[PDB]
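[1] Pasting an experimental structure, sequence included:
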Amino acid sequence: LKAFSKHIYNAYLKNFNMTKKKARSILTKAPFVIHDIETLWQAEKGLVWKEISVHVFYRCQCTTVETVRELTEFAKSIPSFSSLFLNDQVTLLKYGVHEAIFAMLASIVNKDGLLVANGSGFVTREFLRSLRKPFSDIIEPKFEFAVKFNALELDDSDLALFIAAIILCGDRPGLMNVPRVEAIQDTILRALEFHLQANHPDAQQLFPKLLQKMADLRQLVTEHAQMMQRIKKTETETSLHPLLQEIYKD
Ligand SMILES: CCCCCC/C=C\CCCCCCCCCC(=O)O
Ligand SMILES: CCCCCCCO[C@@H]1O[C@H](CO)[C@@H](O)[C@H](O)[C@H]1O
Ligand SMILES: CCCCCCCO[C@@H]1O[C@H](CO)[C@@H](O)[C@H](O)[C@H]1O
């Protein structure tokens, strides 16, 4: 179990360019501020990396698509996931990847904003709120989630397991081999509660709380998808990345 857990943690360490450890050190116990149009413009030149609100939404798309790649390599870097037929692999990622993305966002978030461009920039939460109304509504619920999520004081090794459990979910639509996936998830989850017993000896009810969070993540993606549908219907000028279009179809 703990050996299985260290192997998941190492796949995490190998596949994600930004970790919570590194994120908190940048946010400082242990970057260029974009907060308006001028600072955005200065970032788009300075730190390298239509209308303003749409341009920020495009940058959000760049970021989610990139994190999909990393999550794919993370999942593949676990053997049980790789034993599954490639069609099951795709189904699991189709429906789990935005749950994982939003869980991981928390790592790079504090109450006031979030890191972008590999820690080089900080975009303030107030600026994001100031955007046109479709595009300002989508990111704010993630902050509300993140703050409550960050209170639990999880570390990267905790996250490696949590995110494995989100992707290996036997509940997804059109899964071919449900019992096999359920079997992997159970093992991840037993590895998680045992890991938390070691890693967080004092924290009471932590395991059940992370299960509720998984359920809450399901609901966050449900609302996120609803908002994405509205942008597709009402915002006829904004492009939508084809891979993300493949995810939202149903
Ligand atoms: C100008 C700097 C803006 C940086 C924005 C990127 C930062 C974090 C990514 C989280 C964005 C929230 C999700 C927005 C939806 C993107 C499309 C999708 O995959 O659903
Ligand atoms: C190991 C690869 C073997 C090839 C089998 C792939 C065919 O399955 C397809 O898988 C897709 C999800 O991945 C579904 O969306 C499609 O409905 C389904 O037709
Ligand atoms: C890199 C992993 C992320 C990929 C997730 C995108 C999934 O899109 C789905 O791809 C299936 C395979 O062809 C199609 O059958 C489905 O209709 C489509 O919805």
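    Yep, it's here. Numbering: from 1, shown residues only. Ligands and ions are numbered 1, 2, ... in the order given.
[2] Tell me which stretches of the chain form strands.
    32-34, 109-110, 113-116, 121-124 (DSSP state E).
[3] Neighbouring strands - and their directions - for the second one?
    In other words, strand 109-110. strand 113-116 (antiparallel) (DSSP bridges).
[4] what residues does the partner strand touch?
    Here strand 113-116 makes contact (C-beta atoms under 8 Å, 6 or more residues apart in numbering) with 18, 23, 26-27, 31, 33-34, 49, 59, 63, 105, 108, 121-128. Every residue, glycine included, has its C-beta placed from N, CA and C.
[5] mind redoing it with 7 Å?
    Taking C-beta atoms under 7 Å, 6 or more residues apart in numbering as the criterion, the residues outside strand 113-116 that touch it are 23, 26, 31, 108, 121-125.
[6] nearest residue to the spatially most central residue of the chain other than its sequence neighbours?
    For the chain, the residue sitting closest to the mean C-alpha position, by C-alpha atoms, centre = their mean, is residue 101 at 1.3 Å. Leaving aside its sequence neighbours, residue 101 sits nearest to residue 67 (C-beta to C-beta, 6 or more residues apart in numbering; 5.2 Å).
[7] where does the protein come near ligand 3, residue by residue?
    Residues of the chain lying near ligand 3 by C-beta under 6 Å from any ligand atom: 68, 72, 90, 93-94, 246-247, 249.
[8] Surely residue 169 touches residue 97?
    No - applying C-beta atoms under 7 Å, one finds residue 169 not in contact with residue 97, separated by 11.1 Å.
[9] if we can go back for a sec, adding mean neighbour count as columns, could you present the strands of the chain in a markdown table?
    Converted to a markdown table, the strands of the chain look like this (neighbours: other C-beta atoms under 10 Å):
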| stretch | mean neighbour count |
| --- | --- |
| strand 32-34 | 18 |
| strand 109-110 | 20 |
| strand 113-116 | 22 |
| strand 121-124 | 20 |
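[10] Residue 68 versus the residue of the chain found nearest ligand 3, what's the distance?
    Across the chain, the shortest distance to ligand 3 (C-beta to the nearest ligand atom) belongs to residue 246, at 3.5 Å. Remark: distance between residue 246 and residue 68 (C-beta to C-beta, to the nearest Å) = 10 Å.
[11] Could you check which of these two is surrounded by more residues?
    residue 68 (19 against 10; other C-beta atoms under 10 Å).
[12] Grab the nearest non-local neighbour of the more buried one.
    Nearest one to residue 68, counting by C-beta to C-beta, 6+ apart, is residue 97 at 5.4 Å.
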